Amino acid sequence: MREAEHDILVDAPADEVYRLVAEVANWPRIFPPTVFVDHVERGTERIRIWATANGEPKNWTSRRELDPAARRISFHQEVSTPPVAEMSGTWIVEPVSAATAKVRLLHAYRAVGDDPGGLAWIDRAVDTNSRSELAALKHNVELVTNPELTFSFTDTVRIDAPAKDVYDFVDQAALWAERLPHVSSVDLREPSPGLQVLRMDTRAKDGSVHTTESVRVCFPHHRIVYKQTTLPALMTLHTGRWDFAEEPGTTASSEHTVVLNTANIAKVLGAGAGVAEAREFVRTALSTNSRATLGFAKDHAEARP
């Protein structure tokens, strides 16, 4: 049973870093591979994680024990793939000043049959993954705690039809080239039920054209959660959520969370443009396309010829 430990310094207070790892609704913002997390068992807890996994999205479950006083989180991967016999870890967040924290990431693992070759392979994997994870954690935590760079907004429409018909319109994205005017072509991959890799060709208002990938997690007939995996120069993160709530009609909403990439604001929008201008440019483009999609979803679900 081998042990490893990696650490990094992060410029946010210990309590906030702890909170971002403890509260899994935050994972997509701080772990770039993570698309969504939800609970299997609440209490100790068990969670189900959907992630991009280097081009082959997948889900798995993890059991965690949370200790907020000690700012520690123990986790244990529930199904391991050979040659991993078991994989567990611990987050430990330590205050080193009032605005700055040391994040320690520990792992404990062993190989099936303590096979020395497999165990070396695991060791390198854990090292590679832990370093990249901690580096991304630092980069993203320092951005998502900055409210000028990170913003979220929602557009809502009321649709007088069952949630299922509205959901189906947004779920069945293979049909969007025939149903949405801004979509010229779609390449929808659905390797396993409810996990989608959506690649689509669009034309924007300014006459530019795009080919964009997102990974979506679909929950019939109430929610579709997604993350954009091919990002434009102005965004470091873009996640979203469709919700279809049945009223005692349906209220359909499209939420977006964005983190801006300040390094490219000038190169893209030209000198003199700032964060405020980037927030609105991005917000209008996304909100326009979303309200458009909701409108066509309404028209489709309410048609009863």
# chains A, B, ... in the order shown; residues from 1 in each chain; ligands from 1
>>> residues_around(residues="residue 195 of chain A", least_positions_apart="5", cutoff="10 Å", atoms="only C-alpha atoms", output="mmCIF file with N, CA, C and O atoms, in the first residue's frame")
data_model
loop_
_atom_site.group_PDB
_atom_site.id
_atom_site.type_symbol
_atom_site.label_atom_id
_atom_site.label_comp_id
_atom_site.auth_asym_id
_atom_site.auth_seq_id
_atom_site.Cartn_x
_atom_site.Cartn_y
_atom_site.Cartn_z
ATOM 1 N N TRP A 50 -19.368 12.941 -12.949
ATOM 2 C CA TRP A 50 -19.230 12.857 -14.395
ATOM 3 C C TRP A 50 -18.077 13.789 -14.832
ATOM 4 O O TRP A 50 -18.034 14.981 -14.472
ATOM 5 N N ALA A 51 -17.165 13.262 -15.641
ATOM 6 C CA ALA A 51 -16.001 14.016 -16.098
ATOM 7 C C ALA A 51 -15.572 13.649 -17.510
ATOM 8 O O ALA A 51 -15.963 12.603 -18.063
ATOM 9 N N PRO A 57 -15.547 10.671 -21.963
ATOM 10 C CA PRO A 57 -16.289 10.964 -20.737
ATOM 11 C C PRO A 57 -16.840 9.740 -20.048
ATOM 12 O O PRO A 57 -17.221 8.768 -20.699
ATOM 13 N N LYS A 58 -16.936 9.824 -18.726
ATOM 14 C CA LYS A 58 -17.375 8.691 -17.936
ATOM 15 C C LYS A 58 -17.869 9.169 -16.592
ATOM 16 O O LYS A 58 -17.713 10.341 -16.252
ATOM 17 N N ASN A 59 -18.563 8.286 -15.885
ATOM 18 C CA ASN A 59 -18.921 8.565 -14.501
ATOM 19 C C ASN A 59 -18.413 7.462 -13.582
ATOM 20 O O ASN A 59 -18.169 6.328 -14.011
ATOM 21 N N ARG A 189 -22.514 12.522 -30.169
ATOM 22 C CA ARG A 189 -22.076 11.190 -29.783
ATOM 23 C C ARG A 189 -22.698 10.873 -28.454
ATOM 24 O O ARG A 189 -22.647 11.705 -27.554
ATOM 25 N N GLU A 190 -23.315 9.692 -28.326
ATOM 26 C CA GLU A 190 -23.904 9.318 -27.063
ATOM 27 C C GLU A 190 -23.419 7.915 -26.660
ATOM 28 O O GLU A 190 -24.167 6.960 -26.747
ATOM 29 N N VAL A 215 -19.763 18.641 -23.311
ATOM 30 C CA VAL A 215 -20.163 17.353 -22.769
ATOM 31 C C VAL A 215 -21.384 17.609 -21.886
ATOM 32 O O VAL A 215 -21.378 18.556 -21.085
ATOM 33 N N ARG A 216 -22.450 16.853 -22.103
ATOM 34 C CA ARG A 216 -23.704 17.035 -21.387
ATOM 35 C C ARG A 216 -24.089 15.772 -20.616
ATOM 36 O O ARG A 216 -23.867 14.647 -21.063
ATOM 37 N N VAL A 217 -24.667 16.001 -19.460
ATOM 38 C CA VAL A 217 -25.245 14.974 -18.648
ATOM 39 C C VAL A 217 -26.766 15.217 -18.543
ATOM 40 O O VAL A 217 -27.214 16.263 -18.042
ATOM 41 N N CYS A 218 -27.525 14.218 -18.969
ATOM 42 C CA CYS A 218 -28.974 14.335 -19.149
ATOM 43 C C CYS A 218 -29.748 13.484 -18.118
ATOM 44 O O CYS A 218 -29.493 12.291 -17.950
ATOM 45 N N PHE A 219 -30.706 14.114 -17.464
ATOM 46 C CA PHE A 219 -31.536 13.506 -16.416
ATOM 47 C C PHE A 219 -33.018 13.668 -16.837
ATOM 48 O O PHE A 219 -33.581 14.728 -16.656
ATOM 49 N N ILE A 224 -30.532 19.070 -17.731
ATOM 50 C CA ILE A 224 -29.386 18.768 -18.589
ATOM 51 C C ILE A 224 -28.268 19.707 -18.166
ATOM 52 O O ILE A 224 -28.408 20.940 -18.209
ATOM 53 N N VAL A 225 -27.159 19.124 -17.705
ATOM 54 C CA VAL A 225 -26.014 19.880 -17.238
ATOM 55 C C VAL A 225 -24.866 19.732 -18.230
ATOM 56 O O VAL A 225 -24.679 18.634 -18.774
ATOM 57 N N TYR A 226 -24.131 20.790 -18.510
ATOM 58 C CA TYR A 226 -23.067 20.670 -19.501
ATOM 59 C C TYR A 226 -21.880 21.546 -19.211
ATOM 60 O O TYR A 226 -21.935 22.469 -18.370
#
>>> residues_around(residues="residue 45 of chain A", least_positions_apart="6", cutoff="12 Å", atoms="only C-alpha atoms", output="number ranges by chain")
A: 22-24, 38-39, 61-66, 73-76
>>> write_last_selection(atoms="N, CA, C and O atoms", output="mmCIF file, in the first residue's frame")
data_model
loop_
_atom_site.group_PDB
_atom_site.id
_atom_site.type_symbol
_atom_site.label_atom_id
_atom_site.label_comp_id
_atom_site.auth_asym_id
_atom_site.auth_seq_id
_atom_site.Cartn_x
_atom_site.Cartn_y
_atom_site.Cartn_z
ATOM 1 N N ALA A 22 -15.449 20.819 -0.731
ATOM 2 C CA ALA A 22 -16.449 20.080 0.041
ATOM 3 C C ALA A 22 -17.825 20.138 -0.633
ATOM 4 O O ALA A 22 -18.558 19.130 -0.665
ATOM 5 N N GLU A 23 -18.169 21.298 -1.179
ATOM 6 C CA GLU A 23 -19.472 21.506 -1.816
ATOM 7 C C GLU A 23 -19.387 21.252 -3.340
ATOM 8 O O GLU A 23 -18.872 22.074 -4.095
ATOM 9 N N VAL A 24 -19.866 20.085 -3.760
ATOM 10 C CA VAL A 24 -19.533 19.542 -5.087
ATOM 11 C C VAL A 24 -20.177 20.278 -6.239
ATOM 12 O O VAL A 24 -19.807 20.081 -7.389
ATOM 13 N N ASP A 38 -23.326 14.596 -8.494
ATOM 14 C CA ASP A 38 -24.482 14.631 -7.566
ATOM 15 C C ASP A 38 -24.389 13.527 -6.555
ATOM 16 O O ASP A 38 -23.423 12.757 -6.546
ATOM 17 N N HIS A 39 -25.352 13.496 -5.641
ATOM 18 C CA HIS A 39 -25.261 12.575 -4.524
ATOM 19 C C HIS A 39 -26.005 11.282 -4.793
ATOM 20 O O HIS A 39 -27.088 11.273 -5.388
ATOM 21 N N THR A 61 -18.297 6.561 -8.915
ATOM 22 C CA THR A 61 -18.746 6.961 -7.593
ATOM 23 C C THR A 61 -17.568 6.948 -6.627
ATOM 24 O O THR A 61 -16.547 6.256 -6.831
ATOM 25 N N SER A 62 -17.717 7.780 -5.621
ATOM 26 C CA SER A 62 -16.729 8.028 -4.598
ATOM 27 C C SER A 62 -17.459 8.146 -3.264
ATOM 28 O O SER A 62 -18.546 8.751 -3.163
ATOM 29 N N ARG A 63 -16.849 7.586 -2.234
ATOM 30 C CA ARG A 63 -17.313 7.746 -0.871
ATOM 31 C C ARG A 63 -16.422 8.714 -0.148
ATOM 32 O O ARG A 63 -15.202 8.574 -0.208
ATOM 33 N N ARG A 64 -17.021 9.697 0.512
ATOM 34 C CA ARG A 64 -16.241 10.729 1.204
ATOM 35 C C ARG A 64 -16.675 10.885 2.654
ATOM 36 O O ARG A 64 -17.826 10.637 3.012
ATOM 37 N N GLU A 65 -15.703 11.271 3.463
ATOM 38 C CA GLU A 65 -15.928 11.679 4.835
ATOM 39 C C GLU A 65 -15.384 13.076 5.019
ATOM 40 O O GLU A 65 -14.178 13.314 4.795
ATOM 41 N N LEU A 66 -16.245 13.974 5.487
ATOM 42 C CA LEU A 66 -15.903 15.398 5.584
ATOM 43 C C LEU A 66 -15.628 15.807 7.047
ATOM 44 O O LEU A 66 -16.394 15.461 7.926
ATOM 45 N N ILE A 73 -10.913 16.246 3.992
ATOM 46 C CA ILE A 73 -11.887 15.475 3.226
ATOM 47 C C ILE A 73 -11.197 14.178 2.801
ATOM 48 O O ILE A 73 -10.247 14.212 2.029
ATOM 49 N N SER A 74 -11.668 13.050 3.313
ATOM 50 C CA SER A 74 -11.208 11.735 2.877
ATOM 51 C C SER A 74 -12.083 11.238 1.753
ATOM 52 O O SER A 74 -13.304 11.398 1.816
ATOM 53 N N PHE A 75 -11.491 10.653 0.727
ATOM 54 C CA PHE A 75 -12.309 10.104 -0.351
ATOM 55 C C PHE A 75 -11.789 8.738 -0.737
ATOM 56 O O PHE A 75 -10.621 8.426 -0.509
ATOM 57 N N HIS A 76 -12.673 7.917 -1.291
ATOM 58 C CA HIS A 76 -12.353 6.553 -1.662
ATOM 59 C C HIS A 76 -13.105 6.219 -2.949
ATOM 60 O O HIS A 76 -14.325 6.279 -2.987
#
>>> residues_around(residues="residue 29 of chain A", least_positions_apart="3", cutoff="8 Å", atoms="only C-alpha atoms", output="mmCIF file with N, CA, C and O atoms, in the first residue's frame")
data_model
loop_
_atom_site.group_PDB
_atom_site.id
_atom_site.type_symbol
_atom_site.label_atom_id
_atom_site.label_comp_id
_atom_site.auth_asym_id
_atom_site.auth_seq_id
_atom_site.Cartn_x
_atom_site.Cartn_y
_atom_site.Cartn_z
ATOM 1 N N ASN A 26 -19.530 23.038 -6.793
ATOM 2 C CA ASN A 26 -18.412 23.880 -7.233
ATOM 3 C C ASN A 26 -17.356 23.170 -8.077
ATOM 4 O O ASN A 26 -16.464 23.809 -8.623
ATOM 5 N N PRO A 32 -11.216 21.355 -14.011
ATOM 6 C CA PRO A 32 -11.645 21.457 -15.416
ATOM 7 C C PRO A 32 -12.245 20.179 -16.022
ATOM 8 O O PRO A 32 -13.180 20.321 -16.794
ATOM 9 N N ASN A 140 -7.751 28.095 -11.081
ATOM 10 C CA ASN A 140 -9.184 28.349 -11.103
ATOM 11 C C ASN A 140 -9.739 28.937 -9.822
ATOM 12 O O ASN A 140 -10.623 29.800 -9.881
ATOM 13 N N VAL A 144 -12.243 32.026 -9.767
ATOM 14 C CA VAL A 144 -13.675 31.914 -9.452
ATOM 15 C C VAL A 144 -14.018 32.663 -8.163
ATOM 16 O O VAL A 144 -15.178 32.999 -7.949
ATOM 17 N N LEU A 237 -13.731 29.313 -18.694
ATOM 18 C CA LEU A 237 -14.704 28.298 -18.320
ATOM 19 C C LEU A 237 -16.065 28.703 -18.826
ATOM 20 O O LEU A 237 -16.427 29.872 -18.809
#
>>> residues_around(residues="segment 113-128 of chain A", least_positions_apart="3", cutoff="8 Å", atoms="only C-alpha atoms", output="PyMOL selection string")
chain A and resi 4+83-85+107+110+131-132
>>> write_last_selection(atoms="N, CA, C and O atoms", output="short mmCIF file (atom, residue, chain, number, x, y, z; two decimals), in the first residue's frame")
data_model
loop_
_atom_site.label_atom_id
_atom_site.label_comp_id
_atom_site.auth_asym_id
_atom_site.auth_seq_id
_atom_site.Cartn_x
_atom_site.Cartn_y
_atom_site.Cartn_z
N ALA A 4 1.23 8.78 -1.33
CA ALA A 4 1.82 9.93 -1.99
C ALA A 4 1.24 11.18 -1.41
O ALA A 4 0.16 11.16 -0.81
N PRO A 83 -4.74 -1.98 -13.25
CA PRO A 83 -4.19 -2.73 -12.13
C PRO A 83 -4.43 -2.09 -10.74
O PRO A 83 -3.83 -2.55 -9.77
N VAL A 84 -5.29 -1.07 -10.63
CA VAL A 84 -5.57 -0.46 -9.34
C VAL A 84 -6.48 -1.40 -8.55
O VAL A 84 -7.58 -1.72 -9.01
N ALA A 85 -6.03 -1.80 -7.38
CA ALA A 85 -6.83 -2.58 -6.44
C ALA A 85 -7.65 -1.66 -5.54
O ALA A 85 -8.81 -1.95 -5.23
N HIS A 107 -2.59 10.61 -1.42
CA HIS A 107 -3.19 9.39 -1.96
C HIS A 107 -2.63 8.18 -1.29
O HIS A 107 -1.47 8.17 -0.84
N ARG A 110 -2.94 0.74 -3.90
CA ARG A 110 -2.19 -0.46 -4.19
C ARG A 110 -2.66 -1.10 -5.46
O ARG A 110 -3.74 -0.82 -5.98
N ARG A 131 -0.36 16.49 -9.79
CA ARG A 131 0.28 17.76 -10.09
C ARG A 131 -0.58 18.63 -11.00
O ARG A 131 -0.69 19.84 -10.77
N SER A 132 -1.20 18.03 -12.01
CA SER A 132 -2.01 18.81 -12.93
C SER A 132 -3.29 19.28 -12.24
O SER A 132 -3.74 20.39 -12.47
#
>>> select_by_dssp(residues="segment 19-156 of chain A", states="alpha helix (DSSP H)", output="ChimeraX atom specification")
/A:19-22,27-30,116-144
>>> residues_around(residues="residue 147 of chain A", least_positions_apart="5", cutoff="12 Å", atoms="only C-alpha atoms", output="PyMOL selection string")
chain A and resi 141-142+152+257-260+275-276+279
>>> write_last_selection(atoms="N, CA and C atoms", output="compact mmCIF listing (two decimals), in the first residue's frame")
# COMPACT_ATOMS: atom_id res chain seq x y z
N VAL A 141 -9.24 28.51 -8.67
CA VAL A 141 -9.76 29.04 -7.41
C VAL A 141 -9.47 30.53 -7.39
N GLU A 142 -8.30 30.92 -7.86
CA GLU A 142 -7.93 32.34 -7.84
C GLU A 142 -8.79 33.17 -8.81
N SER A 152 -22.69 34.58 -13.51
CA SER A 152 -23.67 33.58 -13.84
C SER A 152 -24.97 34.29 -14.14
N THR A 257 -22.76 29.76 -16.42
CA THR A 257 -21.67 30.27 -15.59
C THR A 257 -20.41 30.44 -16.46
N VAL A 258 -19.83 31.64 -16.39
CA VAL A 258 -18.67 31.96 -17.18
C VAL A 258 -17.53 32.49 -16.30
N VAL A 259 -16.31 32.07 -16.62
CA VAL A 259 -15.10 32.74 -16.13
C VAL A 259 -14.39 33.35 -17.32
N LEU A 260 -14.09 34.65 -17.24
CA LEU A 260 -13.40 35.32 -18.34
C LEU A 260 -11.90 35.09 -18.37
N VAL A 275 -12.88 44.39 -18.73
CA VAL A 275 -13.64 43.27 -18.17
C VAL A 275 -15.13 43.51 -18.32
N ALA A 276 -15.58 44.71 -17.98
CA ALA A 276 -17.00 45.03 -18.08
C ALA A 276 -17.53 44.80 -19.49
N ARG A 279 -17.72 41.02 -20.18
CA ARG A 279 -18.86 40.39 -19.50
C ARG A 279 -20.13 40.54 -20.32
>>> select_by_dssp(residues="segment 168-282 of chain A", states="strand (DSSP E or B)", output="ChimeraX atom specification")
/A:183-192,195-203,209-219,223-228,235-246,250-260
>>> residues_around(residues="residue 245 of chain A", least_positions_apart="4", cutoff="9 Å", atoms="only C-alpha atoms", output="NGL selection string")
:A and (163 or 221-223 or 249-253)
>>> closest_residue(among="A:170, A:143, A:31, A:206", to="residue 285 of chain A", atoms="only C-alpha atoms")
A:206
>>> closest_residue(among="A:234, A:135, A:93, A:157", to="residue 14 of chain A", atoms="only C-alpha atoms")
A:93
>>> residues_around(residues="residue 210 of chain A", least_positions_apart="4", cutoff="12 Å", atoms="only C-alpha atoms", output="mmCIF file with N, CA and C atoms, in the first residue's frame")
data_model
loop_
_atom_site.group_PDB
_atom_site.id
_atom_site.type_symbol
_atom_site.label_atom_id
_atom_site.label_comp_id
_atom_site.auth_asym_id
_atom_site.auth_seq_id
_atom_site.Cartn_x
_atom_site.Cartn_y
_atom_site.Cartn_z
ATOM 1 N N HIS A 182 -29.640 28.877 -36.304
ATOM 2 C CA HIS A 182 -28.223 29.215 -36.185
ATOM 3 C C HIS A 182 -27.305 27.959 -36.274
ATOM 4 N N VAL A 183 -27.902 26.778 -36.324
ATOM 5 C CA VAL A 183 -27.155 25.496 -36.335
ATOM 6 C C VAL A 183 -27.114 24.871 -37.728
ATOM 7 N N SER A 184 -25.924 24.749 -38.308
ATOM 8 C CA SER A 184 -25.810 24.192 -39.669
ATOM 9 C C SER A 184 -25.511 22.717 -39.720
ATOM 10 N N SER A 185 -24.953 22.164 -38.651
ATOM 11 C CA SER A 185 -24.582 20.759 -38.642
ATOM 12 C C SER A 185 -24.336 20.324 -37.206
ATOM 13 N N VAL A 186 -24.657 19.065 -36.895
ATOM 14 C CA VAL A 186 -24.480 18.495 -35.542
ATOM 15 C C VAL A 186 -23.850 17.131 -35.626
ATOM 16 N N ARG A 199 -20.970 18.053 -30.555
ATOM 17 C CA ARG A 199 -20.231 18.932 -31.406
ATOM 18 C C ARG A 199 -21.178 19.545 -32.398
ATOM 19 N N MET A 200 -21.113 20.857 -32.520
ATOM 20 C CA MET A 200 -22.014 21.503 -33.477
ATOM 21 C C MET A 200 -21.409 22.689 -34.163
ATOM 22 N N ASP A 201 -21.890 22.895 -35.390
ATOM 23 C CA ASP A 201 -21.534 24.002 -36.243
ATOM 24 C C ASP A 201 -22.592 25.071 -36.178
ATOM 25 N N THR A 202 -22.167 26.281 -35.875
ATOM 26 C CA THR A 202 -23.092 27.396 -35.743
ATOM 27 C C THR A 202 -22.616 28.597 -36.543
ATOM 28 N N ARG A 203 -23.550 29.491 -36.857
ATOM 29 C CA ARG A 203 -23.194 30.792 -37.407
ATOM 30 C C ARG A 203 -23.625 31.856 -36.428
ATOM 31 N N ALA A 204 -22.711 32.768 -36.100
ATOM 32 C CA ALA A 204 -22.980 33.795 -35.115
ATOM 33 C C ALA A 204 -23.531 35.052 -35.795
ATOM 34 N N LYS A 205 -23.991 35.995 -34.980
ATOM 35 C CA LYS A 205 -24.569 37.244 -35.481
ATOM 36 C C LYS A 205 -23.600 38.024 -36.389
ATOM 37 N N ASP A 206 -22.332 38.081 -35.997
ATOM 38 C CA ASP A 206 -21.339 38.852 -36.745
ATOM 39 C C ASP A 206 -20.806 38.137 -37.990
ATOM 40 N N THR A 230 -14.325 22.986 -25.706
ATOM 41 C CA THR A 230 -13.516 23.744 -26.648
ATOM 42 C C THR A 230 -13.859 25.220 -26.437
ATOM 43 N N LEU A 231 -12.968 25.960 -25.789
ATOM 44 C CA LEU A 231 -13.294 27.326 -25.380
ATOM 45 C C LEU A 231 -12.670 28.377 -26.298
ATOM 46 N N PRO A 232 -13.422 29.446 -26.553
ATOM 47 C CA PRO A 232 -12.968 30.600 -27.312
ATOM 48 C C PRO A 232 -11.996 31.423 -26.485
#
>>> atom_distance(atom1="atom CA of residue 82 of chain A", atom2="atom CA of residue 112 of chain A")
6.7 Å
>>> atom_distance(atom1="atom CA of residue 227 of chain A", atom2="atom CA of residue 149 of chain A")
17.6 Å
>>> closest_residue(among="A:272, A:240, A:295, A:33", to="residue 133 of chain A", atoms="only C-alpha atoms")
A:33
>>> closest_residue(among="A:266, A:292, A:278, A:137", to="residue 150 of chain A", atoms="only C-alpha atoms")
A:278
>>> closest_residue(among="A:197, A:12, A:25, A:1", to="residue 108 of chain A", atoms="only C-alpha atoms")
A:1
>>> atom_distance(atom1="atom CA of residue 94 of chain A", atom2="atom CA of residue 40 of chain A")
28.9 Å
>>> closest_residue(among="A:13, A:36, A:165, A:154", to="residue 60 of chain A", atoms="only C-alpha atoms")
A:36
